[PDB]
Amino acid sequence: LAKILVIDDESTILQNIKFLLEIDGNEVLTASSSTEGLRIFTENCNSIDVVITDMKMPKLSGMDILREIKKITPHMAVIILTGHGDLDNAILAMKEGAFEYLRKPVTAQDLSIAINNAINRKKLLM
């Protein structure tokens, strides 16, 4: 099954998203901090298929997280969940190599579609 890494500093949100993604048929790894996220990613950069992160995180933002992932795995699909005031950065992220950004509130359908498209892209690159 696809393996997804989800990064959010809000435990309950992280839990809700994990639940939804498991129901959607994904294996899910979670990180409650940007450093933990990049750590887990580095240790599994060859088995992770998609990374989902909130645009805003303490210390390192989704932008910083995105940039670091791209340096390690240039073709890794990174999806950013965006809220108020993140629009400008979201657009920049797309120019920075992000796969897609989803404006909150994000629906289960939005996420499942984006993940499916990310997996298809990975397969095209094999």
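Just count from 1 along the sequence shown to find any residue number.
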Would you determine, from the values in the PDB entry, which of 7 to 15 and 111 to 119 has the greater average C-alpha temperature factor?
7 to 15
Comparing 96 to 104 with 39 to 47, where is the mean C-alpha B-factor higher?
39 to 47
State the tercile, meaning the lowest, middle or highest third, of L21 with respect to the CA B-factors recorded for its chain.
lowest
Entry-reported Cα temperature factor of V78, expressed as the chain third it lands in
lowest
Please place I52 in the lowest, middle or highest third of its chain by C-alpha B factor as given in the entry.
lowest
